[PDB]
Amino acid sequence: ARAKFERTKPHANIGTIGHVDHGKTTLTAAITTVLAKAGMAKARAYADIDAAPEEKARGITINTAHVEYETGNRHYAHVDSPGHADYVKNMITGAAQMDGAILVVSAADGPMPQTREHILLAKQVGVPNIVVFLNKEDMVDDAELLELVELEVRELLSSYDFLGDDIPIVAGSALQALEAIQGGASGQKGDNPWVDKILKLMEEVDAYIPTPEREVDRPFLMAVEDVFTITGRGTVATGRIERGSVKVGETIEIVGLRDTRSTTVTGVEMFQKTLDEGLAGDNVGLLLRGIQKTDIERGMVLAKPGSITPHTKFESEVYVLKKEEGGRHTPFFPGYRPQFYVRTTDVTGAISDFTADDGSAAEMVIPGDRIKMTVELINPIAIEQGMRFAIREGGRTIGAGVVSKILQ
Ligand SMILES: Nc1nc2c(ncn2[C@@H]2O[C@H](COP(=O)(O)OP(=O)(O)O)[C@@H](O)[C@H]2O)c(=O)[nH]1
Ligand SMILES: [Mg+2]
């Protein structure tokens, strides 16, 4: 009968990716500017977005512009960054979630090394989907040429396991659309062909990039931060619920550092609140029946049973911090054994099997660069694909990783 009324339009986090100078920032400006004609955005000017501010977080410095807008279908947080290094750092550290990405490819240049590398990183950090905007169409007078670039991009996407045959590719000119608005174009479809292509891009983004599942609908996960003995019935484990929800009476697992163990949550507490249910984002104390404080310790996570498992070895994309950004001047090398900060604690590990983007072996990865490598931890800990971690030496972050593949 009646659909449920949605009080808020769906939300998704996207970003523009692609090679420097291909039009990422111009496209971002053009989107906000076209959508501002509908009343759905603050029109943001190129020079504004192009001057992206620095952000600090957990020891990583990244230049990143954040714009917001909506379509008729969905609200968007949109990230855009000046340089390649910002994209590596944002994608690896996860400082900007991407539910999907707009890959901007210059028609006049075709895909370029950072085109490949941003698709690579998109695959490795688990970006679900990509929409391509083939920019600078105004510079290519030749439909046969546009097709060849589009085929090359599809082939490139397919080689990183995106569905190259399904990815929408919209060809256009971000610059011409912005000039068309400045010259008086309305933002209504059919009013201006360059603006129509921006509107076409966003329709494709609305249709093709999925809205992420709500965090509270995902399987429960909480990293244990503190634990307390208050009565004999069990220990109160505290933390912030990273995702999902937990209810009194539910069976959860304690995962990592010790054999996985099942227990019943018999209470959920927040400040001044006894709850029946803790929700993602809530800082809670959870009473864990029959668990003694000695059985439980930071590093461990609480999780819906079977939703996450302990592992010791995995492939990852790792960024090495420059000394400028608080790292060391020396490269990472095979068999280096730093600390791996996994959610709450340092775990000792050894890195190995450095794999260059072309798949050849690498002898090292210098600060400021990124590489695929294998981590083996000394103790098992709850690991899943897309989990981020810091690599740390004497408490200082010297790199950043994202799990790309569980090996054991
Ligand atoms: N001819 C043309 N130039 C464009 C177009 N989009 C961007 N540019 C120009 O290309 C340069 C790089 O664009 P920018 O958005 O800064 O690229 P980014 O580094 O990928 O963000 C700028 O001087 C833009 O004005 C386009 O559609 N056509
Ligand atoms: Mg830019």
# chains A, B, ... in the order shown; residues from 1 in each chain; ligands from 1
>>> residues_around(residues="residue 142 of chain A", least_positions_apart="6", cutoff="12 Å", atoms="only C-alpha atoms", output="PyMOL selection string")
chain A and resi 107-108+148-149
>>> write_last_selection(atoms="N, CA and C atoms", output="PDB file, in the first residue's frame")
ATOM      1  N   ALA A 107      39.545  13.161 -21.808  1.00  0.00           N
ATOM      2  CA  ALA A 107      39.417  12.606 -23.142  1.00  0.00           C
ATOM      3  C   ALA A 107      40.620  12.954 -23.983  1.00  0.00           C
ATOM      4  N   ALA A 108      41.236  14.110 -23.724  1.00  0.00           N
ATOM      5  CA  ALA A 108      42.332  14.528 -24.581  1.00  0.00           C
ATOM      6  C   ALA A 108      43.597  13.765 -24.277  1.00  0.00           C
ATOM      7  N   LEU A 148      37.331   5.137 -28.384  1.00  0.00           N
ATOM      8  CA  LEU A 148      38.557   4.409 -28.051  1.00  0.00           C
ATOM      9  C   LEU A 148      39.025   4.681 -26.621  1.00  0.00           C
ATOM     10  N   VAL A 149      38.947   5.932 -26.166  1.00  0.00           N
ATOM     11  CA  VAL A 149      39.279   6.236 -24.778  1.00  0.00           C
ATOM     12  C   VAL A 149      38.348   5.498 -23.838  1.00  0.00           C
TER      13      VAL A 149
END
>>> residues_near_ligand(ligand="ligand 1", cutoff="7 Å", atoms="only C-alpha atoms and all ligand atoms", output="list in words")
residues 18, 19, 20, 21, 22, 23, 24, 25, 26, 27, 50, 82, 135, 136, 137, 138, 139, 172, 173, 174, 175 and 176 of chain A
>>> atom_distance(atom1="atom CA of residue 58 of chain A", atom2="atom CA of residue 28 of chain A")
27.3 Å
>>> closest_residue(among="A:121, A:17, A:364, A:3", to="ligand 2", atoms="only C-alpha atoms and all ligand atoms")
A:17
>>> closest_residue(among="A:400, A:303, A:12, A:254", to="residue 242 of chain A", atoms="only C-alpha atoms")
A:303
>>> select_by_dssp(residues="segment 168-359 of chain A", states="helix (DSSP H, G or I)", output="ChimeraX atom specification")
/A:174-182,193-208,215-217,293-295,323-325
>>> select_by_dssp(residues="segment 158-239 of chain A", states="strand (DSSP E)", output="list in words")
residues 169, 170, 171, 221, 222, 223, 226, 227, 228, 229, 230, 231, 234, 235, 236, 237, 238 and 239 of chain A
>>> closest_residue(among="A:338, A:59, A:53, A:83", to="ligand 2", atoms="only C-alpha atoms and all ligand atoms")
A:83
>>> closest_residue(among="A:257, A:14, A:134, A:140", to="residue 79 of chain A", atoms="only C-alpha atoms")
A:14
>>> closest_residue(among="A:399, A:168, A:368, A:15", to="ligand 2", atoms="only C-alpha atoms and all ligand atoms")
A:15
>>> residues_around(residues="segment 351-360 of chain A", least_positions_apart="6", cutoff="8 Å", atoms="only C-alpha atoms", output="VMD selection string")
chain A and resid 333 to 337 371 to 376
>>> residues_around(residues="residue 297 of chain A", least_positions_apart="2", cutoff="9 Å", atoms="only C-alpha atoms", output="PyMOL selection string")
chain A and resi 224-227+237+257+293-295+299-301
>>> closest_residue(among="A:127, A:235, A:326, A:206", to="residue 162 of chain A", atoms="only C-alpha atoms")
A:127
>>> residues_around(residues="residue 158 of chain A", least_positions_apart="5", cutoff="12 Å", atoms="only C-alpha atoms", output="VMD selection string")
chain A and resid 116 119 to 120 123 129 to 130 151 to 153 163 to 167
>>> write_last_selection(atoms="C-alpha atoms", output="mmCIF file, in the first residue's frame")
data_model
loop_
_atom_site.group_PDB
_atom_site.id
_atom_site.type_symbol
_atom_site.label_atom_id
_atom_site.label_comp_id
_atom_site.auth_asym_id
_atom_site.auth_seq_id
_atom_site.Cartn_x
_atom_site.Cartn_y
_atom_site.Cartn_z
ATOM 1 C CA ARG A 116 45.472 3.289 -13.080
ATOM 2 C CA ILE A 119 41.455 2.467 -9.749
ATOM 3 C CA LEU A 120 43.958 0.109 -8.152
ATOM 4 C CA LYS A 123 39.836 -1.932 -5.688
ATOM 5 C CA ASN A 129 31.555 1.170 -7.598
ATOM 6 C CA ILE A 130 32.852 3.695 -10.035
ATOM 7 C CA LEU A 151 37.023 1.320 -24.379
ATOM 8 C CA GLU A 152 40.495 1.781 -22.913
ATOM 9 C CA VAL A 153 39.000 3.004 -19.630
ATOM 10 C CA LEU A 163 32.574 -4.464 -14.055
ATOM 11 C CA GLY A 164 33.947 -2.591 -17.047
ATOM 12 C CA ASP A 165 30.976 -3.447 -19.205
ATOM 13 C CA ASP A 166 28.466 -2.091 -16.674
ATOM 14 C CA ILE A 167 30.208 1.067 -15.472
#
>>> residues_around(residues="residue 32 of chain A", least_positions_apart="6", cutoff="7 Å", atoms="only C-alpha atoms", output="PyMOL selection string")
chain A and resi 41-44+69
>>> residues_around(residues="residue 311 of chain A", least_positions_apart="2", cutoff="7 Å", atoms="only C-alpha atoms", output="list in words")
residues 309, 313, 380, 381, 382, 383 and 408 of chain A
>>> decode(residues="segment 284-321 of chain A", atoms="N, CA and C atoms", output="short mmCIF file (atom, residue, chain, number, x, y, z; two decimals), in the first residue's frame")
data_model
loop_
_atom_site.label_atom_id
_atom_site.label_comp_id
_atom_site.auth_asym_id
_atom_site.auth_seq_id
_atom_site.Cartn_x
_atom_site.Cartn_y
_atom_site.Cartn_z
N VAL A 284 29.35 2.25 25.18
CA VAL A 284 28.57 1.43 26.08
C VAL A 284 29.51 0.67 27.01
N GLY A 285 28.97 0.27 28.16
CA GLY A 285 29.47 -0.86 28.91
C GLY A 285 28.49 -2.01 28.73
N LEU A 286 29.04 -3.17 28.36
CA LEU A 286 28.28 -4.38 28.12
C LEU A 286 28.67 -5.37 29.20
N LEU A 287 27.69 -5.85 29.94
CA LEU A 287 27.91 -6.89 30.93
C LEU A 287 27.99 -8.23 30.23
N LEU A 288 29.10 -8.91 30.38
CA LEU A 288 29.33 -10.15 29.64
C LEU A 288 29.24 -11.32 30.60
N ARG A 289 28.21 -12.14 30.46
CA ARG A 289 27.95 -13.17 31.46
C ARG A 289 29.08 -14.18 31.54
N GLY A 290 29.60 -14.37 32.75
CA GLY A 290 30.48 -15.49 33.00
C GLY A 290 31.87 -15.30 32.47
N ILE A 291 32.16 -14.13 31.91
CA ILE A 291 33.49 -13.79 31.46
C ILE A 291 34.20 -13.17 32.65
N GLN A 292 35.42 -13.60 32.90
CA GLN A 292 36.21 -12.95 33.93
C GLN A 292 37.15 -11.96 33.29
N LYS A 293 37.57 -10.99 34.10
CA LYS A 293 38.33 -9.89 33.56
C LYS A 293 39.61 -10.40 32.94
N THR A 294 40.17 -11.45 33.52
CA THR A 294 41.35 -12.09 32.97
C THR A 294 41.12 -12.70 31.58
N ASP A 295 39.87 -13.00 31.20
CA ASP A 295 39.61 -13.58 29.89
C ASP A 295 39.55 -12.54 28.79
N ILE A 296 39.59 -11.28 29.13
CA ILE A 296 39.23 -10.25 28.17
C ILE A 296 40.17 -9.07 28.33
N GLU A 297 40.53 -8.45 27.21
CA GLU A 297 41.64 -7.50 27.16
C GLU A 297 41.57 -6.73 25.85
N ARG A 298 42.05 -5.48 25.89
CA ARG A 298 42.09 -4.64 24.68
C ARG A 298 42.78 -5.38 23.53
N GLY A 299 42.31 -5.10 22.33
CA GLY A 299 42.78 -5.84 21.19
C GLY A 299 41.64 -6.72 20.76
N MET A 300 40.90 -7.22 21.74
CA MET A 300 39.79 -8.12 21.46
C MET A 300 38.60 -7.31 21.00
N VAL A 301 37.74 -7.95 20.24
CA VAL A 301 36.55 -7.27 19.78
C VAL A 301 35.38 -8.13 20.20
N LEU A 302 34.23 -7.50 20.34
CA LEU A 302 32.99 -8.21 20.55
C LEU A 302 32.24 -8.18 19.23
N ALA A 303 31.64 -9.30 18.87
CA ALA A 303 31.06 -9.31 17.54
C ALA A 303 29.91 -10.29 17.50
N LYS A 304 29.02 -10.03 16.57
CA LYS A 304 28.02 -11.03 16.23
C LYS A 304 28.74 -12.33 15.87
N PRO A 305 28.33 -13.46 16.42
CA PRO A 305 29.09 -14.70 16.17
C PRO A 305 29.23 -15.01 14.69
N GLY A 306 30.44 -15.40 14.30
CA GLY A 306 30.77 -15.70 12.91
C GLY A 306 30.88 -14.50 12.00
N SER A 307 30.57 -13.29 12.46
CA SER A 307 30.64 -12.11 11.61
C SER A 307 32.07 -11.65 11.34
N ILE A 308 33.03 -12.06 12.17
CA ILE A 308 34.42 -11.67 11.99
C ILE A 308 35.26 -12.69 12.74
N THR A 309 36.42 -13.01 12.20
CA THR A 309 37.25 -14.11 12.66
C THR A 309 38.67 -13.65 12.91
N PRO A 310 39.41 -14.34 13.79
CA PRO A 310 40.79 -13.94 14.08
C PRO A 310 41.75 -14.44 13.00
N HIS A 311 42.73 -13.62 12.65
CA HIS A 311 43.68 -14.01 11.63
C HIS A 311 45.03 -13.47 12.04
N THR A 312 46.08 -14.04 11.45
CA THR A 312 47.42 -13.56 11.69
C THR A 312 48.12 -13.06 10.45
N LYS A 313 47.61 -13.35 9.25
CA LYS A 313 48.40 -13.02 8.08
C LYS A 313 47.50 -12.45 7.00
N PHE A 314 47.94 -11.39 6.37
CA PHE A 314 47.06 -10.77 5.40
C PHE A 314 47.85 -9.89 4.46
N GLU A 315 47.32 -9.72 3.26
CA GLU A 315 47.83 -8.73 2.35
C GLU A 315 47.17 -7.39 2.64
N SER A 316 47.90 -6.32 2.36
CA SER A 316 47.43 -4.98 2.70
C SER A 316 48.02 -3.99 1.72
N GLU A 317 47.36 -2.86 1.57
CA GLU A 317 47.99 -1.70 0.96
C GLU A 317 48.51 -0.84 2.09
N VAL A 318 49.80 -0.56 2.05
CA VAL A 318 50.49 0.21 3.06
C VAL A 318 51.07 1.47 2.44
N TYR A 319 50.83 2.60 3.10
CA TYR A 319 51.47 3.88 2.87
C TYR A 319 52.53 4.13 3.96
N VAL A 320 53.74 4.51 3.54
CA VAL A 320 54.81 4.88 4.46
C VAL A 320 54.81 6.40 4.63
N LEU A 321 54.72 6.86 5.86
CA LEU A 321 54.70 8.29 6.10
C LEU A 321 56.07 8.90 5.84
#
